[PDB]
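Pasting run-v3.txt here (compact mmCIF, C-alpha atoms (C1' of nucleotides)):
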# COMPACT_ATOMS: atom_id res chain seq x y z
CA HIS A 135 18.83 12.11 -2.68
CA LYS A 136 19.45 9.77 -5.62
CA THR A 137 17.39 11.85 -8.06
CA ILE A 138 19.57 13.07 -10.93
CA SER A 139 18.45 16.20 -12.78
CA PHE A 140 19.43 18.07 -15.94
CA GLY A 141 18.05 21.49 -16.87
CA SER A 142 14.35 20.98 -16.23
CA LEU A 143 14.55 17.21 -16.61
CA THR A 144 14.41 15.07 -13.44
CA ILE A 145 15.06 11.31 -13.39
CA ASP A 146 14.16 9.51 -10.16
CA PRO A 147 15.32 5.86 -9.93
CA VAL A 148 13.60 5.32 -6.56
CA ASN A 149 10.08 5.80 -7.90
CA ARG A 150 11.12 5.17 -11.52
CA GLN A 151 9.63 8.54 -12.40
CA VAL A 152 10.72 11.30 -14.77
CA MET A 153 9.54 14.92 -15.03
CA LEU A 154 10.17 17.41 -17.85
CA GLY A 155 9.87 20.88 -16.31
CA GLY A 156 6.85 20.56 -14.04
CA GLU A 157 5.06 18.13 -16.35
CA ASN A 158 5.33 14.41 -15.55
CA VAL A 159 6.31 12.35 -18.59
CA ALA A 160 4.97 8.79 -18.84
CA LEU A 161 7.77 6.37 -19.75
CA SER A 162 7.58 2.64 -20.33
CA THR A 163 10.08 0.27 -18.71
CA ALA A 164 12.44 0.31 -21.70
CA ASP A 165 12.08 4.06 -22.17
CA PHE A 166 13.23 4.51 -18.58
CA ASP A 167 15.97 1.91 -18.43
CA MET A 168 17.41 3.30 -21.67
CA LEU A 169 17.22 6.95 -20.62
CA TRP A 170 18.71 6.04 -17.25
CA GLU A 171 21.69 4.42 -18.95
CA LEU A 172 22.40 7.43 -21.18
CA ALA A 173 22.02 9.95 -18.38
CA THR A 174 24.40 7.95 -16.19
CA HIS A 175 27.05 8.35 -18.86
CA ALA A 176 25.99 11.88 -19.77
CA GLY A 177 28.01 13.34 -22.63
CA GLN A 178 29.56 9.91 -23.14
CA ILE A 179 28.98 8.16 -26.46
CA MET A 180 27.22 4.88 -25.68
CA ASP A 181 27.93 2.39 -28.44
CA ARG A 182 25.32 -0.09 -29.68
CA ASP A 183 26.95 -3.21 -28.24
CA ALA A 184 27.34 -1.47 -24.88
CA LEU A 185 23.62 -0.62 -24.82
CA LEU A 186 22.36 -4.14 -25.54
CA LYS A 187 24.66 -5.63 -22.88
CA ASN A 188 23.51 -3.33 -20.09
CA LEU A 189 19.86 -3.44 -21.15
CA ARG A 190 18.96 -6.95 -22.33
CA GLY A 191 21.61 -8.27 -22.29
CA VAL A 192 22.56 -9.75 -25.65
CA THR A 193 25.38 -9.56 -28.19
CA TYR A 194 25.35 -6.97 -30.97
CA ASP A 195 25.46 -9.13 -34.12
CA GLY A 196 26.57 -6.23 -36.31
CA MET A 197 23.01 -6.02 -37.62
CA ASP A 198 20.47 -5.06 -34.96
CA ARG A 199 18.22 -2.00 -35.08
CA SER A 200 16.31 -2.39 -31.81
CA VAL A 201 18.51 0.19 -30.11
CA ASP A 202 17.77 2.58 -32.96
CA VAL A 203 14.05 1.90 -32.65
CA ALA A 204 14.27 2.26 -28.87
CA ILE A 205 16.00 5.61 -29.34
CA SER A 206 13.29 6.96 -31.65
CA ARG A 207 10.49 5.92 -29.26
CA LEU A 208 12.41 7.71 -26.51
CA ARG A 209 13.08 10.78 -28.66
CA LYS A 210 9.34 11.19 -29.30
CA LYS A 211 8.29 10.88 -25.64
CA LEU A 212 10.98 13.30 -24.50
CA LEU A 213 9.82 15.86 -27.06
CA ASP A 214 13.11 15.92 -28.95
CA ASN A 215 13.15 16.29 -32.72
CA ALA A 216 15.53 13.72 -34.24
CA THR A 217 16.22 15.99 -37.23
CA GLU A 218 18.15 18.23 -34.84
CA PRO A 219 18.18 16.69 -31.34
CA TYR A 220 18.77 18.77 -28.21
CA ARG A 221 18.68 15.91 -25.68
CA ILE A 222 19.82 12.71 -27.39
CA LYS A 223 22.39 12.98 -30.15
CA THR A 224 23.32 10.43 -32.79
CA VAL A 225 27.02 9.96 -33.55
CA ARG A 226 27.61 8.28 -36.91
CA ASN A 227 29.23 4.83 -36.52
CA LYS A 228 29.76 5.28 -32.78
CA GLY A 229 26.37 5.21 -31.06
CA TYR A 230 24.21 7.66 -29.13
CA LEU A 231 25.00 10.41 -26.63
CA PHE A 232 23.02 12.06 -23.84
CA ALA A 233 23.40 15.85 -23.93
CA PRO A 234 23.48 17.60 -20.53
CA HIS A 235 23.84 20.97 -22.30
CA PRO B 134 1.12 2.91 20.53
CA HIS B 135 0.65 1.04 17.26
CA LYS B 136 3.77 0.59 15.16
CA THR B 137 3.09 1.17 11.47
CA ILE B 138 4.68 2.24 8.20
CA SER B 139 3.56 5.37 6.37
CA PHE B 140 3.88 6.95 2.93
CA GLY B 141 2.07 10.28 2.75
CA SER B 142 -1.70 9.84 3.05
CA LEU B 143 -1.23 6.08 2.94
CA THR B 144 -0.84 4.25 6.25
CA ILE B 145 -0.27 0.54 6.83
CA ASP B 146 -1.02 -0.81 10.31
CA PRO B 147 0.19 -4.43 10.61
CA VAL B 148 -1.26 -4.73 14.13
CA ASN B 149 -4.86 -5.21 13.00
CA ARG B 150 -3.88 -5.42 9.32
CA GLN B 151 -5.87 -2.27 8.56
CA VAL B 152 -4.71 0.02 5.78
CA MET B 153 -5.90 3.62 5.51
CA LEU B 154 -5.60 6.16 2.71
CA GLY B 155 -5.93 9.66 4.13
CA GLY B 156 -8.48 9.25 5.15
CA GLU B 157 -10.47 6.05 5.57
CA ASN B 158 -10.00 2.32 5.98
CA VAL B 159 -9.25 0.39 2.83
CA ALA B 160 -10.55 -3.16 2.77
CA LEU B 161 -8.07 -5.83 1.72
CA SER B 162 -8.36 -9.59 2.01
CA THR B 163 -5.73 -11.46 4.01
CA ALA B 164 -3.60 -12.59 1.06
CA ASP B 165 -3.77 -9.07 -0.39
CA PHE B 166 -2.72 -7.17 2.72
CA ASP B 167 0.12 -9.68 2.85
CA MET B 168 1.32 -8.81 -0.67
CA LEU B 169 0.92 -5.08 -0.01
CA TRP B 170 2.94 -5.59 3.18
CA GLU B 171 5.75 -7.32 1.29
CA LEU B 172 5.95 -4.54 -1.30
CA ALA B 173 5.71 -1.66 1.13
CA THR B 174 8.39 -3.02 3.48
CA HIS B 175 10.69 -3.14 0.45
CA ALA B 176 9.69 0.22 -0.99
CA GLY B 177 11.85 1.66 -3.77
CA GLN B 178 12.98 -1.92 -4.35
CA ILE B 179 11.82 -4.15 -7.20
CA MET B 180 10.10 -7.31 -5.97
CA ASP B 181 10.15 -10.10 -8.54
CA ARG B 182 7.33 -12.61 -9.03
CA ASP B 183 9.22 -15.39 -7.26
CA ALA B 184 9.86 -13.15 -4.26
CA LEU B 185 6.16 -12.24 -4.14
CA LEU B 186 4.76 -15.73 -4.73
CA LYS B 187 7.04 -17.05 -1.98
CA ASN B 188 4.84 -14.90 0.26
CA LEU B 189 1.47 -14.55 -1.51
CA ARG B 190 1.00 -18.32 -1.54
CA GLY B 191 4.43 -19.56 -0.46
CA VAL B 192 5.26 -21.16 -3.82
CA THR B 193 7.86 -20.79 -6.56
CA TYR B 194 7.04 -18.77 -9.68
CA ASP B 195 6.51 -21.52 -12.26
CA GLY B 196 4.64 -19.93 -15.12
CA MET B 197 2.79 -18.12 -16.57
CA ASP B 198 1.49 -17.87 -12.98
CA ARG B 199 -0.69 -14.76 -12.91
CA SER B 200 -2.01 -14.69 -9.34
CA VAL B 201 0.30 -11.78 -8.50
CA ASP B 202 -0.77 -9.60 -11.42
CA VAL B 203 -4.49 -9.69 -10.64
CA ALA B 204 -3.51 -9.17 -7.02
CA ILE B 205 -1.51 -6.14 -8.12
CA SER B 206 -4.61 -5.00 -9.99
CA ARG B 207 -6.76 -5.16 -6.85
CA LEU B 208 -4.25 -3.13 -4.87
CA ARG B 209 -4.05 -0.50 -7.61
CA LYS B 210 -7.84 -0.46 -7.67
CA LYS B 211 -8.07 -0.32 -3.90
CA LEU B 212 -5.39 2.35 -3.59
CA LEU B 213 -7.05 4.57 -6.20
CA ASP B 214 -4.11 4.15 -8.56
CA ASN B 215 -4.30 4.06 -12.35
CA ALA B 216 -2.50 1.18 -14.09
CA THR B 217 -1.46 3.12 -17.22
CA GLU B 218 -0.23 6.04 -15.13
CA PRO B 219 0.60 4.40 -11.78
CA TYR B 220 1.82 6.62 -8.96
CA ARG B 221 2.41 4.22 -6.09
CA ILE B 222 2.86 0.78 -7.66
CA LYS B 223 5.07 0.50 -10.76
CA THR B 224 5.28 -2.37 -13.25
CA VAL B 225 8.79 -3.23 -14.40
CA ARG B 226 8.81 -5.48 -17.46
CA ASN B 227 10.24 -8.96 -16.91
CA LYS B 228 11.37 -7.95 -13.41
CA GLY B 229 8.32 -7.63 -11.20
CA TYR B 230 6.53 -4.86 -9.32
CA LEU B 231 7.62 -1.90 -7.24
CA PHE B 232 6.18 0.17 -4.42
CA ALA B 233 7.06 3.82 -4.97
CA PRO B 234 7.57 5.62 -1.61
CA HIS B 235 6.71 8.89 -3.37
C1' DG C 1 -15.95 -11.69 -0.48
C1' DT C 2 -11.88 -14.20 -2.60
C1' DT C 3 -9.57 -15.95 -6.34
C1' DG C 4 -7.56 -16.55 -11.10
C1' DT C 5 -9.20 -17.81 -15.81
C1' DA C 6 -10.26 -16.05 -20.02
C1' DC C 7 -10.04 -12.70 -22.74
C1' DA C 8 -8.40 -7.40 -23.33
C1' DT C 9 -4.69 -4.53 -23.83
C1' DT C 10 0.14 -2.78 -24.23
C1' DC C 11 5.05 -3.44 -24.97
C1' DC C 12 9.18 -3.67 -27.81
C1' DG C 13 11.91 -6.68 -31.27
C1' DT C 14 11.67 -7.49 -36.08
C1' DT C 15 10.95 -6.09 -40.46
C1' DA C 16 10.85 -2.89 -44.15
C1' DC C 17 10.87 0.57 -46.08
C1' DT C 18 12.75 5.76 -46.34
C1' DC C 19 16.10 9.48 -46.77
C1' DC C 20 20.49 10.60 -45.56
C1' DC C 21 25.86 10.52 -45.87
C1' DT C 22 30.12 8.97 -47.80
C1' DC D 1 25.16 6.17 -59.89
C1' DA D 2 26.57 2.20 -55.71
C1' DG D 3 26.67 1.07 -50.47
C1' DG D 4 25.49 1.58 -46.01
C1' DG D 5 24.15 3.68 -41.62
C1' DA D 6 20.40 5.79 -39.36
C1' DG D 7 14.84 7.11 -38.71
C1' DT D 8 10.41 5.23 -37.82
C1' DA D 9 5.73 2.92 -39.25
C1' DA D 10 3.91 -0.99 -38.74
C1' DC D 11 3.31 -6.06 -37.52
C1' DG D 12 2.67 -9.41 -34.22
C1' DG D 13 4.26 -12.40 -30.37
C1' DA D 14 4.65 -12.23 -25.74
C1' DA D 15 4.19 -9.68 -21.20
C1' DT D 16 0.76 -7.39 -18.41
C1' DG D 17 -4.16 -5.58 -17.10
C1' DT D 18 -8.86 -7.09 -15.42
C1' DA D 19 -14.28 -7.99 -15.86
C1' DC D 20 -16.45 -11.55 -14.36
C1' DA D 21 -16.97 -16.38 -14.00
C1' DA D 22 -16.48 -20.15 -10.58
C1' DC D 23 -16.11 -20.70 -5.89

Let's see the structure in the file written out as C-alpha cells.
Amino acid sequence: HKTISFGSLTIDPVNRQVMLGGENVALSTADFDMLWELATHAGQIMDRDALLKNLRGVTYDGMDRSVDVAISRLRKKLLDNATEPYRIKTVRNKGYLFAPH
Amino acid sequence: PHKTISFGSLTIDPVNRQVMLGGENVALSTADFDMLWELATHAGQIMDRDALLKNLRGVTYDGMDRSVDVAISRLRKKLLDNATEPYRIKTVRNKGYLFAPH
DNA sequence: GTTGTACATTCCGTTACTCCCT
DNA sequence: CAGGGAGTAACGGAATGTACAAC
C-alpha cells in the first residue's frame, strides 16, 4: 500500500526494507533514511542543507562532507557507479538527485 | 475462541501468553513476552526506548540503559531472526526498535 | 531460567587525501 | 598554474549486539 517502487527497486517504509530486482539489499538506518528522502523527492535536486535538516537535523555550515560520504556509502550498496550514476546523480553546486528514469 | 494477533507463521496468544512460530511454542519469560507484545501491537511503528522501558520495567529511559537491547536480542534469538539481517525486528539508530509485519 | 554487565561489534561523522572542473 | 567542489578510505567515538557471569 505505502510501498513506493521504481523500475526494479522497491522501498518499503512499513518494514524498512528495500529490494533491487528480486534481491534484497541490506541497508543501514542512514542508508535507508537517506534513500527514502531522495526517492520522496524523485527527480528533485535535494540540496545539502535540506538533507541535513530532514535527516539529523543540523545546520549546513558551508563546510560539511557527511552528506557526500553518506551518498557514496549509499551509491556502493545500491550498485551504482559514481563515475556515471544511473540512480543517484550529483549536480555541481546544487546537491544530489534521485533518478526515476 | 482465543483472540490473538498474527503475522504469517508467527502467532501471539495473549490469553495464556504463549507465542508460536509455525509451528511450535516459543518460550519467553514474562518480561519478554510483555516487550514482544508491546512491539507487535504497534507493528510497522517505531517504538523508542522510553516507550519500551515504560512497559518492560515501567521506568523512564535514563541511560545508557541497555535492558531493552539484550531483551531485543533474546526475541531475535527466540524468533529465529538474524541481527545483521533482521526480518521481523528492525533496529533504527537513535530511535528505537520496530516490529516488521512482513 | 531470568537478567544485564562487560566486553564484542558495527555505524557514520570527521578527516584527509585524491582527481576533477572552472 | 591557482581554487574549490566532489569521491571515498580510513580513523575512532559512540550506538548497538550478546556470551556468560551473577542471581

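Residue-level contacts from chain A to chain B at 9 Å, counting all atoms listed in the file, read residues 147, 148, 149, 150, 151, 160, 162, 163 and 164 of chain A.
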
For the interface of chain D with chain B (cut-off 10 Å, counting only C-alpha atoms (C1' of nucleotides)), please tabulate each contacting residue of chain D alongside its nearest pair of atoms and their separation in Å to one decimal, rows sorted by chain and increasing number, as a tab-separated table.
residue	atom	partner	partner_atom	distance
D:15	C1'	B:226	CA	7.3
D:16	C1'	B:202	CA	7.5
D:17	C1'	B:206	CA	7.1
D:18	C1'	B:203	CA	7.0

For chain C, the closest of A:182, A:209, A:199, A:223 counting all atoms listed in the file is A:199

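Here is the contact set of chain D against chain A, at 10 Å and counting all atoms listed in the file: residues 5, 6, 7 and 8 of chain D.
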
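Coordinates place atom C1' of residue C:13 at a distance of 26.3 Å from atom CA of residue A:233.
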
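Of note, atom CA of residue A:170 and atom CA of residue A:154 are spaced 14.2 Å apart.
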
Name the residues in contact with residue A:188 at a cut-off of 12 Å, using only C-alpha atoms (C1' of nucleotides), excluding same-chain residues fewer than 6 positions from it; report them as a ChimeraX atom specification. /A:164,167-168,170-172,174,180-182,194,201

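The space separating atom CA of residue A:185 from atom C1' of residue C:15 comes to 20.9 Å.
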
Write down, as a tab-separated table (two decimals) with C-alpha atoms (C1' of nucleotides), in the frame of the given file, each residue of chain C that has any atom within 12 Å of an atom of chain A, counting all atoms listed in the file.
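Final output, saved to out39.tsv:
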chain	number	residue	atom	x	y	z
C	10	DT	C1'	0.14	-2.78	-24.23
C	11	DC	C1'	5.05	-3.44	-24.97
C	12	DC	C1'	9.18	-3.67	-27.81
C	13	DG	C1'	11.91	-6.68	-31.27
C	14	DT	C1'	11.67	-7.49	-36.08
C	15	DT	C1'	10.95	-6.09	-40.46
C	16	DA	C1'	10.85	-2.89	-44.15
C	19	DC	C1'	16.10	9.48	-46.77
C	20	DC	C1'	20.49	10.60	-45.56
C	21	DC	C1'	25.86	10.52	-45.87
C	22	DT	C1'	30.12	8.97	-47.80

Output as CSV one row per residue of chain C within 10 Å of chain B: the closest atom pair and its distance in Å to one decimal place, counting only C-alpha atoms (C1' of nucleotides), sorted by chain and residue number ascending.
residue,atom,partner,partner_atom,distance
C:1,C1',B:162,CA,8.3
C:2,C1',B:162,CA,7.4
C:3,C1',B:200,CA,8.2
C:4,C1',B:200,CA,6.1
C:5,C1',B:199,CA,9.5
C:10,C1',B:217,CA,9.3
C:11,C1',B:226,CA,8.6

Dump as a compact mmCIF listing (two decimals), in the coordinates of the input, selection limited to C-alpha atoms (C1' of nucleotides):
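Done, and the output landed in part02.txt:
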# COMPACT_ATOMS: atom_id res chain seq x y z
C1' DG C 1 -15.95 -11.69 -0.48
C1' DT C 2 -11.88 -14.20 -2.60
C1' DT C 3 -9.57 -15.95 -6.34
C1' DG C 4 -7.56 -16.55 -11.10
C1' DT C 5 -9.20 -17.81 -15.81
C1' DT C 10 0.14 -2.78 -24.23
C1' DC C 11 5.05 -3.44 -24.97

Take every atom of stretch 161-176 of chain A listed in the file, pad by 3 Å on each side, and give me the axis-aligned box centre and edge lengths in Å, one decimal, as lines of an AutoDock Vina configuration file.
center_x = 17.3
center_y = 6.1
center_z = -19.2
size_x = 25.5
size_y = 17.6
size_z = 12.0
